[PDB]
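Containing compact mmCIF, C-alpha atoms and all ligand atoms: final-v3.txt.
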```
# COMPACT_ATOMS: atom_id res chain seq x y z
CA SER V 5 17.48 -177.61 26.62
CA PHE V 6 19.73 -176.95 29.74
CA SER V 7 23.23 -178.53 29.55
CA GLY V 8 26.03 -179.15 32.01
CA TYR V 9 23.90 -178.76 35.14
CA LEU V 10 24.63 -180.67 38.33
CA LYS V 11 21.50 -182.28 39.81
CA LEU V 12 21.07 -181.28 43.49
CA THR V 13 17.56 -182.63 44.13
CA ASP V 14 14.58 -184.10 42.15
CA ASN V 15 13.86 -180.59 40.76
CA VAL V 16 16.83 -178.30 41.50
CA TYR V 17 19.85 -178.13 39.18
CA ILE V 18 22.95 -175.90 39.39
CA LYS V 19 25.69 -174.69 37.00
CA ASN V 20 28.61 -172.26 37.20
CA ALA V 21 27.47 -169.91 34.45
CA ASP V 22 26.68 -166.36 33.60
CA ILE V 23 22.85 -166.30 33.59
CA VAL V 24 22.94 -163.80 30.66
CA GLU V 25 24.99 -166.17 28.47
CA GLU V 26 22.88 -169.09 29.67
CA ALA V 27 19.62 -167.24 28.74
CA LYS V 28 20.96 -166.22 25.30
CA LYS V 29 21.93 -169.88 24.62
CA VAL V 30 18.88 -171.70 25.96
CA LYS V 31 16.26 -168.97 25.41
CA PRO V 32 14.24 -170.57 28.24
CA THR V 33 10.51 -169.99 28.71
CA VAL V 34 11.35 -168.09 31.92
CA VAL V 35 14.48 -166.33 33.07
CA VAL V 36 14.30 -165.01 36.67
CA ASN V 37 15.65 -161.54 37.37
CA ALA V 38 17.01 -160.57 40.79
CA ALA V 39 14.81 -157.50 40.86
CA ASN V 40 14.19 -154.69 43.35
CA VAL V 41 10.65 -153.29 44.08
CA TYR V 42 11.20 -150.40 41.66
CA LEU V 43 12.44 -152.62 38.77
CA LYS V 44 15.53 -150.36 38.60
CA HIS V 45 18.00 -152.76 36.87
CA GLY V 46 21.15 -150.75 37.58
CA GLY V 47 23.56 -153.35 38.76
CA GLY V 48 23.95 -157.01 39.78
CA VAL V 49 22.11 -159.73 37.79
CA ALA V 50 19.42 -157.10 36.95
CA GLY V 51 21.93 -154.70 35.46
CA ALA V 52 23.53 -157.52 33.47
CA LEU V 53 20.18 -158.85 32.16
CA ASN V 54 19.00 -155.34 31.33
CA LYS V 55 22.29 -154.52 29.52
CA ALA V 56 21.86 -157.72 27.41
CA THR V 57 18.42 -156.42 26.31
CA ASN V 58 19.98 -153.07 25.19
CA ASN V 59 17.90 -151.39 27.99
CA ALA V 60 14.58 -152.68 26.57
CA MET V 61 13.97 -154.44 29.92
CA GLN V 62 14.34 -151.09 31.77
CA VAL V 63 12.02 -149.25 29.33
CA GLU V 64 9.37 -151.93 29.74
CA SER V 65 9.89 -152.00 33.54
CA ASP V 66 9.48 -148.21 33.90
CA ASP V 67 6.17 -148.38 31.99
CA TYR V 68 5.12 -151.29 34.29
CA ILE V 69 5.98 -149.27 37.46
CA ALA V 70 4.26 -146.13 36.09
CA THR V 71 1.05 -148.18 35.71
CA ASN V 72 1.22 -150.51 38.71
CA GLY V 73 3.50 -149.02 41.33
CA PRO V 74 6.30 -150.90 43.01
CA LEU V 75 6.37 -154.61 43.68
CA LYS V 76 6.39 -155.97 47.25
CA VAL V 77 9.61 -157.47 48.71
CA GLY V 78 8.97 -161.22 48.22
CA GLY V 79 6.76 -160.46 45.21
CA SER V 80 7.12 -160.77 41.48
CA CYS V 81 5.83 -159.80 38.10
CA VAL V 82 6.03 -161.45 34.68
CA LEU V 83 7.33 -159.23 31.92
CA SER V 84 8.89 -159.91 28.46
CA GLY V 85 12.05 -161.95 28.30
CA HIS V 86 13.17 -159.81 25.32
CA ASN V 87 16.15 -161.46 23.50
CA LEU V 88 16.88 -163.69 26.55
CA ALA V 89 13.74 -165.74 27.26
CA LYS V 90 9.99 -165.89 26.39
CA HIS V 91 9.32 -164.21 29.80
CA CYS V 92 11.27 -162.61 32.58
CA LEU V 93 9.97 -163.33 36.07
CA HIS V 94 11.17 -160.33 38.08
CA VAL V 95 11.40 -161.61 41.64
CA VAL V 96 12.21 -159.36 44.61
CA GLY V 97 14.23 -161.14 47.24
CA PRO V 98 14.96 -159.24 50.49
CA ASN V 99 18.08 -157.04 50.21
CA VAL V 100 19.89 -157.45 53.53
CA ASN V 101 22.23 -154.44 52.58
CA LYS V 102 19.14 -152.21 52.47
CA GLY V 103 18.15 -153.73 55.91
CA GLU V 104 15.24 -155.81 54.50
CA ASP V 105 13.83 -158.92 56.23
CA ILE V 106 15.70 -162.17 55.25
CA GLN V 107 12.55 -164.14 56.35
CA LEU V 108 10.89 -162.92 53.04
CA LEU V 109 13.26 -165.13 50.98
CA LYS V 110 10.87 -168.12 51.19
CA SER V 111 7.98 -165.93 49.88
CA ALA V 112 10.26 -164.74 47.06
CA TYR V 113 11.06 -168.35 46.04
CA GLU V 114 7.33 -169.27 46.15
CA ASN V 115 6.93 -167.17 43.00
CA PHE V 116 8.98 -169.81 41.11
CA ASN V 117 6.20 -172.40 41.76
CA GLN V 118 3.96 -170.62 39.22
CA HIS V 119 6.32 -171.70 36.37
CA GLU V 120 7.02 -175.35 35.44
CA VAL V 121 10.66 -174.61 34.45
CA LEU V 122 12.91 -171.62 35.16
CA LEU V 123 16.47 -170.41 34.62
CA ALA V 124 17.31 -168.45 37.81
CA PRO V 125 19.93 -166.87 39.99
CA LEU V 126 20.05 -167.53 43.79
CA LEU V 127 17.64 -164.96 45.28
CA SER V 128 19.07 -162.35 47.65
CA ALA V 129 22.64 -163.60 46.90
CA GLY V 130 25.49 -161.32 45.67
CA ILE V 131 24.88 -157.60 46.09
CA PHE V 132 21.58 -158.39 47.90
CA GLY V 133 23.72 -159.44 50.89
CA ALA V 134 22.23 -162.76 51.97
CA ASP V 135 24.30 -165.92 52.46
CA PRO V 136 24.11 -167.86 49.14
CA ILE V 137 24.29 -171.18 51.05
CA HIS V 138 21.10 -170.15 52.93
CA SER V 139 19.49 -169.00 49.63
CA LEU V 140 20.16 -172.42 48.02
CA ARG V 141 18.70 -174.22 51.08
CA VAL V 142 15.53 -172.03 50.90
CA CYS V 143 15.34 -172.65 47.14
CA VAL V 144 15.47 -176.48 47.40
CA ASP V 145 13.02 -176.46 50.37
CA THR V 146 10.53 -174.06 48.69
CA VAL V 147 10.63 -174.52 44.92
CA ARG V 148 8.78 -177.61 43.62
CA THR V 149 9.03 -176.77 39.90
CA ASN V 150 12.20 -177.38 37.78
CA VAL V 151 14.74 -174.67 38.63
CA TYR V 152 18.08 -174.38 36.82
CA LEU V 153 20.32 -172.17 38.93
CA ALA V 154 23.13 -170.23 37.30
CA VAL V 155 25.89 -169.24 39.81
CA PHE V 156 28.21 -166.66 38.25
CA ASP V 157 31.11 -167.01 40.76
CA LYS V 158 33.15 -170.28 40.24
CA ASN V 159 34.47 -170.26 43.79
CA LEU V 160 30.95 -169.73 45.24
CA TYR V 161 29.57 -172.47 42.92
CA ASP V 162 32.18 -174.93 44.30
CA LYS V 163 31.37 -173.90 47.88
CA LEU V 164 27.62 -174.29 47.21
CA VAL V 165 28.02 -177.80 45.69
CA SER V 166 30.60 -179.03 48.23
CA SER V 167 28.49 -177.88 51.22
CA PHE V 168 25.07 -178.95 49.87
CA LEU V 169 23.18 -181.11 52.30
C1 LIG U 1 27.29 -160.79 33.95
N1 LIG U 1 26.98 -161.01 35.35
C2 LIG U 1 27.11 -160.05 36.26
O1 LIG U 1 27.57 -158.94 35.98
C3 LIG U 1 26.68 -160.36 37.65
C4 LIG U 1 26.67 -161.66 38.15
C5 LIG U 1 26.41 -161.90 39.49
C6 LIG U 1 26.12 -160.83 40.33
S1 LIG U 1 25.82 -161.11 42.05
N2 LIG U 1 24.36 -161.77 42.21
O2 LIG U 1 25.77 -159.83 42.70
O3 LIG U 1 26.78 -162.08 42.50
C7 LIG U 1 26.09 -159.53 39.84
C8 LIG U 1 26.37 -159.31 38.50
```

Let me see the structure of the file written as structure tokens.
Ligand SMILES: CNC(=O)c1ccc(S(N)(=O)=O)cc1
Amino acid sequence: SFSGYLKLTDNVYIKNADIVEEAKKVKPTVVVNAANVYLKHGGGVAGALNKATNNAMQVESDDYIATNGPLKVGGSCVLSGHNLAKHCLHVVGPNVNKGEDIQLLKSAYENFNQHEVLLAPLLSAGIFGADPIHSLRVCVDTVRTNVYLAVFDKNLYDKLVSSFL
């Protein structure tokens, strides 16, 4: 199962790791993708996860969007996990750099409650523009299921652990 995680709360764990390498190693039931409403996995965690699937995630995602239309900000969809996980839970956190509402971050984390265990990044962190400290606080106060957070940046991981309340 998951190794080397630091326990933050009863159900939230954190590790300084590349979520792609973590998914390839664990092959969890669910890997969370930091998705946008269009499932266009061009960069960030989405681009990295999609690149690890040899673009199979993008091909599947385009067929999903062609059939269903875009997701809502704060929403999600379950697609294949390809070579990374059984499933990929594509969750759309608000992108502050695209001027989206940061109040939707709690709704985005509520999607995690539909899965008993998940490997996930911090929603809306990184290129999505939100404060990762705020994202971790929303995560621990919203997610009740077992969430194993992978934080790519070592320096951010240390800041997140050292400032955790
Ligand atoms: C392999 N990982 C990445 O390329 C990666 C990791 C983290 C980010 S973030 N969420 O923007 O800080 C983007 C991309």

At most 10 Å from ligand LIG 1 (chain U) (all atoms listed in the file): residue list as a VMD selection string: chain V and resid 21 to 25 37 to 38 47 to 53 55 to 56 125 to 133 136 154 to 157 160

Which residues are close to residue V:44, i.e. within 8 Å by all atoms listed in the file, leaving aside same-chain residues fewer than 2 positions away? Reply as a list in words. residues 39, 40, 41, 42, 46, 50, 62, 65 and 66 of chain V

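Ranking V:122, V:69, V:89, V:10 by their shortest atom-to-atom distance to residue V:149, with only C-alpha atoms included, puts V:122 first.
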
Can you tell me how far atom CA of residue V:150 sits from atom CA of residue V:17, in Å to one decimal? 7.8 Å

Could you check how far atom CA of residue V:137 sits from atom CA of residue V:166, in Å to one decimal?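 These atoms are spaced 10.5 Å apart.
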
From V:76, V:142, V:158, V:27, residue lying nearest residue V:7 [all atoms listed in the file]: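 Once distances to residue V:7 are computed over all atoms listed in the file, the minimum belongs to V:27.
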
Record the distance separating atom CA of residue V:61 and atom CA of residue V:86, expressed in Å with one decimal.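 For atom CA of residue V:61 relative to atom CA of residue V:86, the distance reads 7.1 Å.
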
Closest to residue V:100 among V:77, V:121, V:18, V:35, using only C-alpha atoms? V:77

Among the residues V:123, V:36, V:70, V:134, the one that comes closest to residue V:104 [using only C-alpha atoms]: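 For residue V:104, the nearest of the candidates is V:134.
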
Sorted by chain and rising residue number, which residues of stretch 23-91 of chain V lie within 7 Å of stretch 108-116 of chain V, and what are their closest atom pairs and distances in Å to one decimal, counting all atoms listed in the file, as a tab-separated table?
```
residue	atom	partner	partner_atom	distance
V:78	CA	V:112	CA	3.9
V:79	CA	V:112	CA	5.8
V:80	CA	V:115	CA	6.6
```

Export of prior selection with C-alpha atoms as a compact mmCIF listing (two decimals), keeping the file's coordinate frame:
```txt
# COMPACT_ATOMS: atom_id res chain seq x y z
CA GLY V 78 8.97 -161.22 48.22
CA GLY V 79 6.76 -160.46 45.21
CA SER V 80 7.12 -160.77 41.48
```

Starting from the sparse input, extend stretch 50-67 of chain V to N, CA, C and O atoms and give the output as a short mmCIF file (atom, residue, chain, number, x, y, z; two decimals), in the frame of the given file.
```cif
data_model
loop_
_atom_site.label_atom_id
_atom_site.label_comp_id
_atom_site.auth_asym_id
_atom_site.auth_seq_id
_atom_site.Cartn_x
_atom_site.Cartn_y
_atom_site.Cartn_z
N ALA V 50 20.39 -157.97 37.65
CA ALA V 50 19.42 -157.10 36.95
C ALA V 50 20.08 -156.18 35.96
O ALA V 50 19.64 -156.10 34.82
N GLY V 51 21.18 -155.57 36.35
CA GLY V 51 21.93 -154.70 35.46
C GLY V 51 22.49 -155.46 34.27
O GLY V 51 22.50 -154.96 33.16
N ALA V 52 22.99 -156.68 34.52
CA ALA V 52 23.53 -157.52 33.47
C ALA V 52 22.45 -157.99 32.50
O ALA V 52 22.65 -157.97 31.29
N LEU V 53 21.27 -158.40 33.04
CA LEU V 53 20.18 -158.85 32.16
C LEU V 53 19.68 -157.66 31.34
O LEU V 53 19.51 -157.78 30.13
N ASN V 54 19.49 -156.52 32.01
CA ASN V 54 19.00 -155.34 31.33
C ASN V 54 19.98 -154.89 30.22
O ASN V 54 19.55 -154.58 29.11
N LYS V 55 21.29 -154.90 30.52
CA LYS V 55 22.29 -154.52 29.52
C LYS V 55 22.24 -155.44 28.30
O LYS V 55 22.31 -154.96 27.17
N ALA V 56 22.00 -156.75 28.51
CA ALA V 56 21.86 -157.72 27.41
C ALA V 56 20.65 -157.43 26.52
O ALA V 56 20.68 -157.74 25.33
N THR V 57 19.59 -156.82 27.10
CA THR V 57 18.42 -156.42 26.31
C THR V 57 18.58 -155.03 25.68
O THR V 57 17.59 -154.52 25.16
N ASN V 58 19.78 -154.41 25.75
CA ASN V 58 19.98 -153.07 25.19
C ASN V 58 19.04 -152.06 25.87
O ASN V 58 18.60 -151.10 25.24
N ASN V 59 18.76 -152.25 27.17
CA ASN V 59 17.90 -151.39 27.99
C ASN V 59 16.41 -151.55 27.72
O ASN V 59 15.63 -150.84 28.35
N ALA V 60 16.00 -152.47 26.84
CA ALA V 60 14.58 -152.68 26.57
C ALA V 60 13.87 -153.20 27.83
O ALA V 60 12.73 -152.83 28.06
N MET V 61 14.56 -153.99 28.67
CA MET V 61 13.97 -154.44 29.92
C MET V 61 13.65 -153.24 30.84
O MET V 61 12.58 -153.19 31.43
N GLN V 62 14.57 -152.27 30.93
CA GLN V 62 14.34 -151.09 31.77
C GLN V 62 13.19 -150.22 31.25
O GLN V 62 12.35 -149.78 32.04
N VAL V 63 13.10 -150.05 29.93
CA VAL V 63 12.02 -149.25 29.33
C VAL V 63 10.66 -149.89 29.64
O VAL V 63 9.74 -149.23 30.12
N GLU V 64 10.60 -151.22 29.47
CA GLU V 64 9.37 -151.93 29.74
C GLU V 64 9.03 -151.87 31.24
O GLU V 64 7.86 -151.72 31.64
N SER V 65 10.05 -152.01 32.09
CA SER V 65 9.89 -152.00 33.54
C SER V 65 9.41 -150.65 34.04
O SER V 65 8.57 -150.59 34.92
N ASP V 66 9.93 -149.54 33.46
CA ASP V 66 9.48 -148.21 33.90
C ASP V 66 8.02 -148.00 33.55
O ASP V 66 7.31 -147.42 34.35
N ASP V 67 7.58 -148.48 32.37
CA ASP V 67 6.17 -148.38 31.99
C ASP V 67 5.34 -149.23 32.99
O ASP V 67 4.28 -148.80 33.44
#
```
